[PDB]
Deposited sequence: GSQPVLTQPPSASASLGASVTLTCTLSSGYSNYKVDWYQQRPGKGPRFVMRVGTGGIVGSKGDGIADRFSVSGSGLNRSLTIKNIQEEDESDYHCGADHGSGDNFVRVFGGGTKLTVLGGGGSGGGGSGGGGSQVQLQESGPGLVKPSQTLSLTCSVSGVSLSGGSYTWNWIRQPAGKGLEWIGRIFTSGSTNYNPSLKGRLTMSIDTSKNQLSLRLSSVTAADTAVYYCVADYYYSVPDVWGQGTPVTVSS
């Protein structure tokens, strides 16, 4: 997890004004692209836009208004909202890929709380889990066949601290990349015939209390697709 993403915890703006949310990369990553995510009240994150130093990369997310623009220069990456509406009050998250093949990691910013003055994924879980037990989560997918072979499936949790944490990703063949911070406690599986994604996390602790999200990543497009998450509370 070599790069670090810095987001201010909070930002404020008045109706109809403009505001620029920013995400600052650590030194040595001036060329990196970042994804912006919008987490509306009572919702999980959704994809907004991808930006490098040359502006937006790929298509913006579904439901993103034309008031949302995006820019980048140096280590700064910026999401600009003009003519702010109250539905723009939300939490905004910064994410970035790092590495390729076996050493791949995804890093996230702390999140910024902005206050204003197809393919479907459904995650299921136990709700409550006692410590030292094994957390078992599943996610059903309805938009595509998991045997198609053009999707990478990520799991991302929101624990204490309120910032997103990438925990792993699995490919159609069953090959995986896990976050090293989880030791080897995390195993991820794909059920080709039931169209299901499954997750096991051994020896859970209060540190594992979080909302868990499954995120589809289509090979040939930029926008993500998130499930709405499964709450997990460790006794």
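Asker: Where does the model skip over parts of the deposited sequence?
Answerer: Missing C-alpha atoms (numbering from 1) occur across the ranges 1, 119 to 133, 252.
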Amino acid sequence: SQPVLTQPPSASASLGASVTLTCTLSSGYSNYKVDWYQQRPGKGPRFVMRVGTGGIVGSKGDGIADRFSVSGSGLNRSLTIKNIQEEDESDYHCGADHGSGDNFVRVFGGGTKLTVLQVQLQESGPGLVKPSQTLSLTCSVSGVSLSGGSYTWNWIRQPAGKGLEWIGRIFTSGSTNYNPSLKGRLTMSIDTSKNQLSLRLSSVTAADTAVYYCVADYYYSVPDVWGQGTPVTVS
From here on, numbers count along this sequence of modelled residues.
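Asker: Out of 93 to 101 and 106 to 114, which stretch has the higher average CA B-factor listed in the record?
Answerer: If you average the C-alpha B-factors of 93 to 101 and of 106 to 114, the larger mean comes out for 93 to 101.
Asker: For the stretches 62 to 70 and 40 to 48, which has the higher mean C-alpha B-factor as given in the deposited record?
Answerer: Comparing 62 to 70 with 40 to 48, the higher average CA B-factor belongs to 62 to 70.
Asker: From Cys23, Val215, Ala11, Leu15, can you pick the one with the highest C-alpha B factor in the entry?
Answerer: Largest recorded C-alpha B-factor: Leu15.
Asker: Highest Cα B-factor in the PDB entry belongs to which of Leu182, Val57, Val34, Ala207?
Answerer: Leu182 has the highest C-alpha B-factor of those listed.
Asker: Based on the entry's values, in what third of the chain does the Cα temperature factor of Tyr178 lie: lowest, middle or highest?
Answerer: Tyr178: CA B-factor falls in the middle third of its chain.
Asker: Could you look up the Cα B-factor of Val232 in the entry and say which third of the chain it sits in: lowest, middle or highest?
Answerer: Middle third of the chain for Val232's C-alpha B-factor.
Asker: Place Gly125 in the lowest, middle or highest third of its chain's C-alpha B-factors, as listed in the PDB entry.
Answerer: Within its chain, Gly125 is a middle-third residue by C-alpha B-factor, going by the deposited values.
Asker: Looking at the temperature factor on the CA atom of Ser136, which third of the chain's modelled residues does it land in?
Answerer: It falls in the middle third of the chain.
Asker: For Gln7, does the deposited CA B-factor place it in the lowest, middle or highest third of the chain?
Answerer: For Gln7, the deposited C-alpha B-factor lands in the lowest third.
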